[PDB]
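*Asks:* Which chain is which? The protein sequence lines are A and B, in order. Quick note on numbering: the first sequence equals residues 1 to 51, 63 to 113, 121 to 206, 219 to 420 in the deposited numbering. Quick note on numbering: the second sequence equals residues 1 to 51, 63 to 113, 121 to 171, 231 to 419 in the deposited numbering. Quick reminder that beta carbons are idealized off the backbone N, C-alpha and C, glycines included. Sharing a structure, written as structure tokens. Questions coming.
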Amino acid sequence: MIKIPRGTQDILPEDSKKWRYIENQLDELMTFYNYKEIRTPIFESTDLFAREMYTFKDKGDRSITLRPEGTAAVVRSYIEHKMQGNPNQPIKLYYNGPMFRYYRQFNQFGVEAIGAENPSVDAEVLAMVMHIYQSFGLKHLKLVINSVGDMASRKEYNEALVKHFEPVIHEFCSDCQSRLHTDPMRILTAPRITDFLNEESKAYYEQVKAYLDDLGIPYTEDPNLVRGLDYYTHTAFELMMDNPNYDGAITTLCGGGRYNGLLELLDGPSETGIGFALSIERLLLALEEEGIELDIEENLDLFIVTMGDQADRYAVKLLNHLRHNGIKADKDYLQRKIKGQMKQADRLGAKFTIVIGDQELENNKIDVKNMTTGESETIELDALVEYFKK
Amino acid sequence: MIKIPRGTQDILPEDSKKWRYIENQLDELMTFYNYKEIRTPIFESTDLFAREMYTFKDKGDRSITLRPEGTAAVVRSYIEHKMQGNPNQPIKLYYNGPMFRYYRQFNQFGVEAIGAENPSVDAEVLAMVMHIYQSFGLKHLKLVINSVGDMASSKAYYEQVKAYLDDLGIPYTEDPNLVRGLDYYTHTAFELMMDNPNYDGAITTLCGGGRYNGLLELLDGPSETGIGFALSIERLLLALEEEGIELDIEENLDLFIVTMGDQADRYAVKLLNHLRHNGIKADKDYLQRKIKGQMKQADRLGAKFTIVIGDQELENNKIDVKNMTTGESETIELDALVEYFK
């Protein structure tokens, strides 16, 4: 037999419902925040991610690559569709789909607000990342933020790292050595970025936290929560779950921050932007560890047990009827004995059951047995759709 | 600039909503029929589809392949998870996701009922293929069926399936010439056609599928019988277009907050957070613009209502909630805002 690829899993019927619940809930939340969904191809030109991955000179020897994350593609689409010129700004977009980093296949969800550097925007995305997780009932969350200032602060902070490291530059590998001159931060005792926020940067950050205080969102400032990528500006954050059944008891549920320089590396405008990404798998596991259950009703409303051909052929029209009316119903293919049909009813979670036989077919009346209370209710056969509908 | 791969397209904010409407309607329909969703990886061992395509010796020089369709993967899962031994049969499963054929990326949706060769089951899937399309308002549908008998070749099977179709009141066209060469395609083979002047021939194939006995074994599995069908969400979308159909979408903002100066604006931030925590779709103005500009954005976003918070309103604790269509204002206390919108 053929086996799935390594580091790959199928989401089978027991879990698919949990995924759809989560996915649907996120689409709704985005509705309140007004972020719109975009769906990028599974692969992009290798040259987008060039700026391990599954690359293959296919597409006519052209090099393509299974996307490892959705930001570059949201940016590649934003640029290609000339969104910078959109009358509606900031461009508030979200995505949700499988990513591929050599599980080799994982499902990340994320948002990107591009075109509006503004503390109130940051606050909106932070209140949101909190809202998402709290909407599911998670509770031992802990939002951690920091600021790496603007492009100015970073320029003057980089110089300090060079003043610092350079006099011992040869003690570093050609790797780290090369990096003194392009971005010392990647070299990282020595200076800290957060001690270089200018006056403006220090007020943006103070406004972001002001807002968090306003909205009553608790946060932890972790001066050491920084990002080396020079196109990463201002707000940086990580949402975390305190949970003892974790490797080291703590886990990062979500993460993100602002950026200024990303778009230009992808051949685009100097737009500013903020976003975050989150894994549905991890969210799912968080609910697990916290011992949380989702309102996934996954139950058949009516299972039809039939006796003999006449009654059975009637169950066919009936089923078609009920299904055309939003009732979840199912009958017995496989032709089995009542015990077997009744068990199937039970297996499928049939809230109710009915046994149609020829006597019921004539009297035009069946007993609808509530499978939990085991209480029957006698109604006319015609009522069936009506009775279940209402 | 870097460009999208050839024969590939993005589903931007104006369409993603149409996709979600359809996708969501299909999961519900599947609910009534009792088909459960399964999600297979984007790629499989080349050797499954081996039984052009994007194949690459990755995964550690191992040969993998971007799946071209979802049937062999549902069967690969079915076998690997030893579903044949499941107490609940037939295995009724569905899927919906991107497929890759050398648009190179297309999004096919489909069902598979495995383990119960039975006319009443074929009837159930044909009634469904008709239901799905009818649920969206399409109207010039035309179900075409045929049967290629059993592997020994049945007739009565086929007469029963059509018996049922007649029972159910489902009209069909028997096309003797609608057959499939694959010897594991046992009985019924069908296609849902849509007659519409816009397509060449003035008809198009919306959906297609049928039974099979021999597929499972090629994939190293049991001799289970199975029926199924596949469908393109893109084509379905286009069908609604051609028939001139609109979906009950219209993503429209509930409230756009226009603010005057810092005080008012910093108030709009708690307000927003509040409303959003209550199922109200609201948005304010980042980008700091003139009222005319904020008012246009409100219009741009489809804001059903609008409010302008400024310091005077901030003290009087009262604002005029103008209905953006009638242009009629309603003055309420600022506190009511959330309560009033809820």
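Report the option in 233/A, 200/A, 177/A and 244/A whose CA atom is closest to the CA atom of residue 220/A.
*Replies:* Here the closest residue by C-alpha is 177/A.
*Asks:* How would you list, in chain order, the residues of chain B whose beta-carbon sits under 9 Å from the beta-carbon of residue 88/A?
*Replies:* Ordered by position in chain B, the residues that pass the 9 Å Cβ test against residue 88/A are 4, 10 and 12.
*Asks:* In chain order, what residues of the same chain lie with their CB nearer than 7 Å to the CB of residue 123/B, ignoring the 5 residues before and after it?
*Replies:* Taken in chain order, the residues that qualify are 8 and 109.
*Asks:* Whose C-alpha, out of 16/A, 18/A and 38/A, is nearest the C-alpha of residue 54/B?
*Replies:* Chain B lacks coordinates between 51 and 63, the interval that contains residue 54/B.
*Asks:* Just to confirm before moving on: does the CB-CB distance between residue 334/A and residue 316/A stay below 7 Å?
*Replies:* No, the Cβ-Cβ distance between residue 334/A and residue 316/A is not below 7 Å.
*Asks:* Using 8 Å for Cβ pairs, my map puts residue 127/A next to residue 308/A. What's the rounded Cβ distance?
*Replies:* Right, their Cβ atoms sit about 5 Å apart.
*Asks:* Consult DSSP for residue 393/B and reduce its assignment to one of helix, strand or coil.
*Replies:* Note: residue 393/B maps to helix in three-state DSSP.
*Asks:* Please report the straight-line C-alpha distance between residue 394/A and residue 419/A, rounded to a whole angstrom.
*Replies:* Near 18 Å, if we compare the C-alpha coordinates of residue 419/A and residue 394/A.
*Asks:* What is the DSSP secondary structure of residue 164/A, counted as helix, strand or coil?
*Replies:* In the structure shown, residue 164/A sits in a strand (DSSP, three-state: E or B).
*Asks:* Chain A partners of residue 134/B, CB-CB under 8 Å?
*Replies:* Near residue 134/B (Cβ distances below 8 Å), the residues of chain A are 363 and 364.
*Asks:* How many angstroms separate the CA atom of residue 223/A from the CA atom of residue 286/A?
*Replies:* Each residue's alpha carbon lies about 18 Å from the other.
*Asks:* For residue 123/B, decide whether its Cβ has a neighbour in chain A, counting only Cβ atoms nearer than 7 Å.
*Replies:* It does: the Cβ of residue 123/B has a partner Cβ on chain A nearer than 7 Å.
*Asks:* With the cut-off set at 7 Å, would you say residue 330/A and residue 369/A are in Cβ contact?
*Replies:* Not in contact: residue 330/A and residue 369/A (Cβ atoms no closer than 7 Å).
*Asks:* Just grab the DSSP bridge partners of residue 359/A for me.
*Replies:* According to DSSP, residue 359/A bridges with 332/A.
*Asks:* Which of helix, strand or coil does DSSP assign to residue 96/A?
*Replies:* Three-state DSSP puts residue 96/A in a helix.
*Asks:* Can you list, in chain order, the residues of its chain whose CB lies under 8 Å from that of residue 293/A, leaving out five sequence neighbours each side?
*Replies:* Around residue 293/A: 86, 89, 90, 132, 299, 300, 301 and 303.
*Asks:* Whose C-beta lies closer than 7 Å to the C-beta of residue 26/B among residues of the same chain, with five residues either side of it excluded?
*Replies:* These residues qualify, in order along the chain: 107, 127 and 150.
*Asks:* Excluding the 5 residues flanking residue 134/B on each side, which residues of the same chain have their C-beta closer than 8 Å to its C-beta?
*Replies:* Within the same chain, residue 134/B has close Cβ partners 100, 101 and 302.
*Asks:* Give the residues of chain A in contact with residue 158/B, contact being defined as C-beta atoms less than 9 Å apart.
*Replies:* The contacting residues do not exist; residue 158/B stays about 20 Å from chain A at best.
*Asks:* Residue 185/A: buried (16+ other C-beta within 10 angstroms of its C-beta) or exposed?
*Replies:* Its Cβ having fewer than 16 others within 10 Å, residue 185/A is exposed.
*Asks:* From what residue to what residue does the alpha helix (DSSP H) around residue 338/A run?
*Replies:* 338-353 is the extent of the alpha helix (DSSP H) around residue 338/A.
*Asks:* What do you reckon, is the C-beta of residue 155/B under 6 Å from a heavy atom of the ligand MG?
*Replies:* Summarising the ligand content, the structure contains no ligands, and the ligand MG is consequently not present.
*Asks:* In the DSSP output, which residue or residues are listed as bridge partners for residue 102/A?
*Replies:* Answer is 132/A.
*Asks:* Since residue 238/B and residue 137/B are thought to touch, with beta carbons under 8 Å apart, how far apart are those beta carbons, to the nearest angstrom?
*Replies:* Correct: roughly 5 Å between the Cβ atoms.
*Asks:* I'd like the span of the beta strand (DSSP E) that includes residue 268/A, first residue to last.
*Replies:* Run containing residue 268/A: 262-272, per the beta strand (DSSP E) assignment.
*Asks:* With respect to the alpha helix (DSSP H) encompassing residue 194/A, which residues constitute its N-terminal and C-terminal limits?
*Replies:* First-last of the alpha helix (DSSP H) with residue 194/A: 192-196.
*Asks:* So residue 384/A contacts chain B; which residues on that side make the cut at Cβ distance below 9 Å?
*Replies:* Within 9 Å Cβ-Cβ: nothing; residue 384/A doesn't reach chain B, min ~16 Å.
*Asks:* Identify whether residue 327/B lies in helix, strand or coil by the three-state DSSP scheme.
*Replies:* Of the three classes helix, strand and coil, the one that applies to residue 327/B here is coil, per DSSP.
*Asks:* List the whole-angstrom C-beta distance separating residue 252/A from residue 172/A, where the pair is believed to meet the contact cut-off of C-beta under 8 Å.
*Replies:* Going by Cβ atoms, the distance from residue 252/A to residue 172/A rounds to 18 Å, so no, they are not a contact pair.
*Asks:* Beta carbon of residue 306/A, beta carbon of residue 147/A: below 7 Å?
*Replies:* Result yes, Cβ atoms of residue 306/A and residue 147/A sit closer than 7 Å.
*Asks:* Less than 7 Å between the C-beta atoms of residue 111/B and residue 48/B, yes or no?
*Replies:* For residue 111/B and residue 48/B, no; Cβs fall outside 7 Å.
*Asks:* Taking Cβ-Cβ distances below 7 Å as the criterion, which residues of the region 230-249 of chain A are in contact with chain B?
*Replies:* Within the region 230-249 of chain A, the residues whose Cβ lies closer than 7 Å to some Cβ of chain B are 241, 244 and 245, listed in chain order.
*Asks:* Terminal residues of the continuous beta strand (DSSP E) containing residue 50/B?
*Replies:* Per DSSP, residue 50/B belongs to no beta strand (DSSP E); it is in the alpha helix (DSSP H), 46-50.
*Asks:* List, in order along the chain, the chain A residues whose C-beta lies closer than 7 Å to that of residue 138/B?
*Replies:* Per Cβ cutoff of 7 Å: 346 and 363.
*Asks:* Does residue 417/A come within less than 7 Å of chain B when only Cβ atoms are used?
*Replies:* So no, residue 417/A is outside the interface.
*Asks:* Per DSSP, what are the beta-bridge partners of residue 83/A in this structure?
*Replies:* Answer is none; residue 83/A lacks a bridge partner.
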